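Asker: This is the structure, below, for whatever I ask next.
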Amino acid sequence: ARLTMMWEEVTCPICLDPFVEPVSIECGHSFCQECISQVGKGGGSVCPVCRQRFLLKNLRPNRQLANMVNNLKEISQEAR
Amino acid sequence: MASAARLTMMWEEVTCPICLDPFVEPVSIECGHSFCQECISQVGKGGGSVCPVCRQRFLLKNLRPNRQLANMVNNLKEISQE
Amino acid sequence: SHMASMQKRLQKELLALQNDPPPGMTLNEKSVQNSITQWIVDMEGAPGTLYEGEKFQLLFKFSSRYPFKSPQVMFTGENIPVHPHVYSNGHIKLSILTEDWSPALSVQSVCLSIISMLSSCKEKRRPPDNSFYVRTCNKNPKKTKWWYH
Amino acid sequence: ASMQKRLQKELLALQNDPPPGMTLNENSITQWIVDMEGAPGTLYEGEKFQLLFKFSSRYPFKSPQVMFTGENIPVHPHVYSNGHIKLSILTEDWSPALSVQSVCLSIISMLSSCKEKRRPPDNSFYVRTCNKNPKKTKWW
Ligand SMILES: [Zn+2]
Ligand SMILES: [Zn+2]
Ligand SMILES: [Zn+2]
Ligand SMILES: [Zn+2]
């Protein structure tokens, strides 16, 4: 049968919603741009999941993740 | 079927564009596109080159692991051994 | 906007606790203030531990900056566990509530840590600073807290 | 193996889900032929063409050689008399992220590109260029 484990692993760990404009930090962990920039106020802080240090100087868009989240929104778009 | 196809949708989204297999040790270059570590370095003979997907210049020293992507491919490997 | 996104997260976390609570825990729904800032979790001590048979209650208080700041969490009611990291008035000594807090932690993860802390404990003792700490906590005028901000 | 693994996944993709207007004929994974029919709304509707795909050992990091073959060759400003295809993606716009499927789609996009069914300005010149060559005989 079907499973929604799909959705759990495209969920940002900060806002708990599907990633919007996901970015990676140095360690390679991904977050919504807005959520991790909330975390890194002042130009830096530590990773929510691994606590390795990061700076938003080196934000990198996660293009694979952006494309996948978008495509899955389409499949999940349903009439109510 | 009962959105069994959505299963395959996620499989193709976690397919590396170079080998056309699920990402193995996925890494990101500067533009933020993702590849198997070993495919992207097959490309980047010499220390750097151009992104297969978008043509942005990358250097192999700037590789970064895609922890989210590695994390999701095994959750799907787990699921399909039913 | 901040609080809209904070409400969204908190709503999803409350659904998870009602539908798949951690072992020995239950959320108290007779406390229905539209669950947007404080909720009470009934928790029972685990078998084979120093708290077998005991019924406790946990209070979760969420500030305006949750989840970037940690919630306030305490035992309340009149049965408060006797434990080296819990004060007589129910305050809890746990740094994931302090400097090991990260926004990626959840109510679920805090609940598991409290449970892990109860059943890890091998000595039913109060914290060494308890009488000092509670005497000072009974002299502070925080009575009406607007506190959510 | 990774190259043959890719080529078999691509070859199955063609047999089970070919691009619109395409079908393949005659199991040799170094070389395969795809039948192509003109689409409604283009100047090549109804005509039957054939594409040859040649894969080298460095595929997909070097581009396959792709050409029209047979005795029906389309008349098109980016397609020569001999079947060679003038498409930068076959040359230095090649990337390993391109596919047979994506190359097929680009050609279809090209058949429907042109407003006048014309031969390339280099056509008689360019194919006379290629008729003198030592040729890729036995090993390359
Ligand atoms: Zn987020
Ligand atoms: Zn991290
Ligand atoms: Zn690969
Ligand atoms: Zn790129």
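Ligands are numbered from 1 in the order shown, chains are lettered A, B, ... in the order of the structure tokens, and residues start at 1 in each chain.
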Could I get the residue neighbourhood of ligand 2 at 6 Å, counting only C-alpha atoms and all ligand atoms, as an mmCIF file with N, CA, C and O atoms, in the first residue's frame?
Answerer:
data_model
loop_
_atom_site.group_PDB
_atom_site.id
_atom_site.type_symbol
_atom_site.label_atom_id
_atom_site.label_comp_id
_atom_site.auth_asym_id
_atom_site.auth_seq_id
_atom_site.Cartn_x
_atom_site.Cartn_y
_atom_site.Cartn_z
ATOM 1 N N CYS A 27 27.899 21.787 7.000
ATOM 2 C CA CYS A 27 27.815 20.363 7.320
ATOM 3 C C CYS A 27 27.046 19.572 6.285
ATOM 4 O O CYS A 27 27.159 18.351 6.263
ATOM 5 N N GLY A 28 26.239 20.226 5.448
ATOM 6 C CA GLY A 28 25.442 19.533 4.473
ATOM 7 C C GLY A 28 24.024 19.238 4.891
ATOM 8 O O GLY A 28 23.310 18.551 4.152
ATOM 9 N N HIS A 29 23.604 19.724 6.055
ATOM 10 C CA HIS A 29 22.224 19.628 6.494
ATOM 11 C C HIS A 29 21.391 20.738 5.843
ATOM 12 O O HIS A 29 21.886 21.857 5.614
ATOM 13 N N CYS A 47 24.598 24.385 13.773
ATOM 14 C CA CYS A 47 23.577 23.610 13.073
ATOM 15 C C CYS A 47 22.555 23.045 14.051
ATOM 16 O O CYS A 47 22.933 22.456 15.073
ATOM 17 N N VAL A 49 20.888 20.330 13.885
ATOM 18 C CA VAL A 49 20.861 18.875 14.024
ATOM 19 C C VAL A 49 22.217 18.315 14.435
ATOM 20 O O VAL A 49 22.272 17.359 15.207
ATOM 21 N N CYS A 50 23.315 18.906 13.941
ATOM 22 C CA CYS A 50 24.652 18.384 14.157
ATOM 23 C C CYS A 50 25.513 19.332 14.990
ATOM 24 O O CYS A 50 26.600 18.945 15.433
ATOM 25 N N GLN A 52 27.497 21.484 14.199
ATOM 26 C CA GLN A 52 28.677 22.057 13.562
ATOM 27 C C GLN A 52 28.410 23.533 13.281
ATOM 28 O O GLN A 52 27.266 23.949 13.065
#
Asker: 7 Å from ligand 1 is the threshold here; counting only C-alpha atoms and all ligand atoms, which polymer residues fall inside it? Answer as a PyMOL selection string.
Answerer: chain A and resi 12-17+19-20+31-32+34-35
Asker: Pick out the residues no farther than 6 Å from ligand 4, counting only C-alpha atoms and all ligand atoms, and list them as number ranges by chain.
Answerer: B: 31, 33, 51, 53-56
Asker: Those residues you just picked out, can you put them in a file as a short mmCIF file (atom, residue, chain, number, x, y, z; two decimals), in the first residue's frame with N, CA and C atoms?
Answerer:
data_model
loop_
_atom_site.label_atom_id
_atom_site.label_comp_id
_atom_site.auth_asym_id
_atom_site.auth_seq_id
_atom_site.Cartn_x
_atom_site.Cartn_y
_atom_site.Cartn_z
N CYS B 31 26.78 25.68 -7.21
CA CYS B 31 25.42 26.02 -7.66
C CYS B 31 24.34 25.29 -6.85
N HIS B 33 23.44 22.01 -7.17
CA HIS B 33 23.02 20.75 -7.75
C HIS B 33 23.80 19.59 -7.09
N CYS B 51 29.17 22.65 -13.99
CA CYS B 51 28.03 21.83 -13.55
C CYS B 51 27.34 21.15 -14.73
N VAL B 53 24.34 20.22 -14.88
CA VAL B 53 22.95 20.63 -15.00
C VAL B 53 22.84 22.08 -15.44
N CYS B 54 23.61 22.99 -14.83
CA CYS B 54 23.34 24.41 -15.05
C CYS B 54 24.53 25.15 -15.61
N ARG B 55 25.68 24.49 -15.72
CA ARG B 55 26.94 24.98 -16.26
C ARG B 55 27.70 25.88 -15.30
N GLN B 56 27.26 26.03 -14.05
CA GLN B 56 28.00 26.86 -13.10
C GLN B 56 29.34 26.21 -12.79
#
Asker: Can you list every residue in chain A that DSSP puts in alpha helix (DSSP H), as a PDB file with N, CA and C atoms, in the first residue's frame?
Answerer:
ATOM      1  N   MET A   5       5.717   8.178   4.637  1.00  0.00           N
ATOM      2  CA  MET A   5       7.118   8.402   4.977  1.00  0.00           C
ATOM      3  C   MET A   5       7.768   9.355   3.986  1.00  0.00           C
ATOM      4  N   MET A   6       7.340   9.294   2.727  1.00  0.00           N
ATOM      5  CA  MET A   6       7.666  10.304   1.721  1.00  0.00           C
ATOM      6  C   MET A   6       7.741  11.714   2.310  1.00  0.00           C
ATOM      7  N   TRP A   7       6.657  12.156   2.959  1.00  0.00           N
ATOM      8  CA  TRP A   7       6.522  13.554   3.364  1.00  0.00           C
ATOM      9  C   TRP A   7       7.431  13.892   4.541  1.00  0.00           C
ATOM     10  N   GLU A   8       7.646  12.930   5.436  1.00  0.00           N
ATOM     11  CA  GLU A   8       8.456  13.183   6.619  1.00  0.00           C
ATOM     12  C   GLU A   8       9.867  13.609   6.247  1.00  0.00           C
ATOM     13  N   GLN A  33      15.417  28.405   3.872  1.00  0.00           N
ATOM     14  CA  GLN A  33      16.190  29.641   3.970  1.00  0.00           C
ATOM     15  C   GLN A  33      15.736  30.501   5.157  1.00  0.00           C
ATOM     16  N   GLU A  34      14.423  30.700   5.311  1.00  0.00           N
ATOM     17  CA  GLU A  34      13.957  31.592   6.366  1.00  0.00           C
ATOM     18  C   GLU A  34      14.209  31.024   7.765  1.00  0.00           C
ATOM     19  N   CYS A  35      14.137  29.709   7.920  1.00  0.00           N
ATOM     20  CA  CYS A  35      14.284  29.101   9.236  1.00  0.00           C
ATOM     21  C   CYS A  35      15.738  29.114   9.693  1.00  0.00           C
ATOM     22  N   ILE A  36      16.651  28.728   8.817  1.00  0.00           N
ATOM     23  CA  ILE A  36      18.035  28.705   9.252  1.00  0.00           C
ATOM     24  C   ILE A  36      18.589  30.130   9.389  1.00  0.00           C
ATOM     25  N   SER A  37      18.049  31.096   8.639  1.00  0.00           N
ATOM     26  CA  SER A  37      18.502  32.472   8.823  1.00  0.00           C
ATOM     27  C   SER A  37      17.958  33.062  10.107  1.00  0.00           C
ATOM     28  N   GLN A  38      16.791  32.597  10.543  1.00  0.00           N
ATOM     29  CA  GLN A  38      16.339  32.898  11.889  1.00  0.00           C
ATOM     30  C   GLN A  38      17.335  32.358  12.910  1.00  0.00           C
ATOM     31  N   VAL A  39      17.818  31.132  12.702  1.00  0.00           N
ATOM     32  CA  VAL A  39      18.794  30.527  13.610  1.00  0.00           C
ATOM     33  C   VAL A  39      20.106  31.310  13.604  1.00  0.00           C
ATOM     34  N   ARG A  63      19.194  22.509  -4.753  1.00  0.00           N
ATOM     35  CA  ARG A  63      18.346  22.512  -5.943  1.00  0.00           C
ATOM     36  C   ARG A  63      17.646  21.169  -6.133  1.00  0.00           C
ATOM     37  N   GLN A  64      18.317  20.066  -5.808  1.00  0.00           N
ATOM     38  CA  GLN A  64      17.651  18.772  -5.876  1.00  0.00           C
ATOM     39  C   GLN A  64      16.428  18.764  -4.983  1.00  0.00           C
ATOM     40  N   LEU A  65      16.576  19.299  -3.768  1.00  0.00           N
ATOM     41  CA  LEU A  65      15.502  19.299  -2.780  1.00  0.00           C
ATOM     42  C   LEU A  65      14.366  20.241  -3.178  1.00  0.00           C
ATOM     43  N   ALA A  66      14.719  21.433  -3.665  1.00  0.00           N
ATOM     44  CA  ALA A  66      13.742  22.380  -4.184  1.00  0.00           C
ATOM     45  C   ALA A  66      12.883  21.724  -5.262  1.00  0.00           C
ATOM     46  N   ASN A  67      13.522  21.025  -6.201  1.00  0.00           N
ATOM     47  CA  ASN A  67      12.781  20.469  -7.320  1.00  0.00           C
ATOM     48  C   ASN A  67      11.893  19.335  -6.861  1.00  0.00           C
ATOM     49  N   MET A  68      12.376  18.555  -5.894  1.00  0.00           N
ATOM     50  CA  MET A  68      11.608  17.411  -5.444  1.00  0.00           C
ATOM     51  C   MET A  68      10.402  17.846  -4.639  1.00  0.00           C
ATOM     52  N   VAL A  69      10.581  18.812  -3.731  1.00  0.00           N
ATOM     53  CA  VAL A  69       9.467  19.297  -2.928  1.00  0.00           C
ATOM     54  C   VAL A  69       8.358  19.827  -3.829  1.00  0.00           C
ATOM     55  N   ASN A  70       8.729  20.683  -4.788  1.00  0.00           N
ATOM     56  CA  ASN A  70       7.774  21.238  -5.748  1.00  0.00           C
ATOM     57  C   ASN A  70       7.014  20.132  -6.479  1.00  0.00           C
ATOM     58  N   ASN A  71       7.731  19.138  -7.012  1.00  0.00           N
ATOM     59  CA  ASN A  71       7.063  18.086  -7.777  1.00  0.00           C
ATOM     60  C   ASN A  71       6.079  17.311  -6.907  1.00  0.00           C
ATOM     61  N   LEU A  72       6.419  17.104  -5.640  1.00  0.00           N
ATOM     62  CA  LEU A  72       5.557  16.348  -4.741  1.00  0.00           C
ATOM     63  C   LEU A  72       4.340  17.149  -4.305  1.00  0.00           C
ATOM     64  N   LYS A  73       4.467  18.475  -4.240  1.00  0.00           N
ATOM     65  CA  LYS A  73       3.302  19.313  -4.023  1.00  0.00           C
ATOM     66  C   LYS A  73       2.274  19.100  -5.128  1.00  0.00           C
ATOM     67  N   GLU A  74       2.735  19.010  -6.382  1.00  0.00           N
ATOM     68  CA  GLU A  74       1.836  18.788  -7.517  1.00  0.00           C
ATOM     69  C   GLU A  74       1.089  17.460  -7.391  1.00  0.00           C
ATOM     70  N   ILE A  75       1.810  16.378  -7.085  1.00  0.00           N
ATOM     71  CA  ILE A  75       1.172  15.075  -6.935  1.00  0.00           C
ATOM     72  C   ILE A  75       0.150  15.114  -5.812  1.00  0.00           C
ATOM     73  N   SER A  76       0.412  15.900  -4.778  1.00  0.00           N
ATOM     74  CA  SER A  76      -0.441  15.958  -3.599  1.00  0.00           C
ATOM     75  C   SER A  76      -1.537  17.010  -3.709  1.00  0.00           C
TER      76      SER A  76
END
Asker: Name the residues in contact with residue 85 of chain C at a cut-off of 6 Å, using only C-alpha atoms, excluding same-chain residues fewer than 6 positions from it; report them as a list in words.
Answerer: residues 92, 93 and 127 of chain C
Asker: Store the residues picked out above, limited to N, CA and C atoms, as a PDB file, in the first residue's frame.
Answerer:
ATOM      1  N   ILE C  92      12.863  21.650  36.691  1.00  0.00           N
ATOM      2  CA  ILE C  92      13.622  20.554  36.108  1.00  0.00           C
ATOM      3  C   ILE C  92      14.986  21.078  35.690  1.00  0.00           C
ATOM      4  N   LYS C  93      16.058  20.374  36.070  1.00  0.00           N
ATOM      5  CA  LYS C  93      17.427  20.720  35.674  1.00  0.00           C
ATOM      6  C   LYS C  93      17.824  19.850  34.491  1.00  0.00           C
ATOM      7  N   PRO C 127      17.608  17.454  44.809  1.00  0.00           N
ATOM      8  CA  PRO C 127      18.840  18.095  44.328  1.00  0.00           C
ATOM      9  C   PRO C 127      19.549  18.745  45.499  1.00  0.00           C
TER      10      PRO C 127
END
Asker: List as a ChimeraX atom specification the protein and nucleic acid residues near residue 30 of chain A, meaning an atom at most 8 Å away when only C-alpha atoms are counted, but skip any in the same chain fewer than 6 places from it.
Answerer: /A:12,22-24,62 /B:66-68
Asker: Using only C-alpha atoms and all ligand atoms, which residues have at least one atom no more than 6 Å from ligand 3? Output them as a VMD selection string.
Answerer: chain B and resid 16 18 to 19 21 23 35 to 36 39
Asker: Dump N, CA and C atoms for the selected residues as an mmCIF file, in the first residue's frame?
Answerer:
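File written: selection-v8.cif
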data_model
loop_
_atom_site.group_PDB
_atom_site.id
_atom_site.type_symbol
_atom_site.label_atom_id
_atom_site.label_comp_id
_atom_site.auth_asym_id
_atom_site.auth_seq_id
_atom_site.Cartn_x
_atom_site.Cartn_y
_atom_site.Cartn_z
ATOM 1 N N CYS B 16 20.390 10.122 -9.627
ATOM 2 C CA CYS B 16 21.486 10.988 -10.022
ATOM 3 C C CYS B 16 21.433 11.195 -11.529
ATOM 4 N N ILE B 18 23.747 11.702 -13.673
ATOM 5 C CA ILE B 18 24.864 11.183 -14.468
ATOM 6 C C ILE B 18 24.787 9.656 -14.628
ATOM 7 N N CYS B 19 24.746 8.912 -13.515
ATOM 8 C CA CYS B 19 24.644 7.465 -13.649
ATOM 9 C C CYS B 19 23.203 6.983 -13.842
ATOM 10 N N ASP B 21 21.138 6.287 -11.528
ATOM 11 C CA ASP B 21 20.909 5.414 -10.393
ATOM 12 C C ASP B 21 20.640 6.262 -9.153
ATOM 13 N N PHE B 23 21.141 8.203 -5.774
ATOM 14 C CA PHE B 23 22.366 8.874 -5.351
ATOM 15 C C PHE B 23 23.161 7.967 -4.415
ATOM 16 N N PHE B 35 25.017 15.261 -6.983
ATOM 17 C CA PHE B 35 25.491 14.149 -7.806
ATOM 18 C C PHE B 35 26.100 13.098 -6.892
ATOM 19 N N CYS B 36 26.185 11.867 -7.398
ATOM 20 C CA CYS B 36 27.045 10.899 -6.741
ATOM 21 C C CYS B 36 28.452 11.475 -6.665
ATOM 22 N N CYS B 39 30.360 10.204 -9.512
ATOM 23 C CA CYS B 39 30.021 10.701 -10.842
ATOM 24 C C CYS B 39 30.544 12.110 -11.055
#
Asker: Name the residues of chain A that fall into strand (DSSP E) according to DSSP on the backbone, using the chain letters and numbers of this document, as a ChimeraX atom specification.
Answerer: /A:22-24,30-32,44-46,53-55,60-61
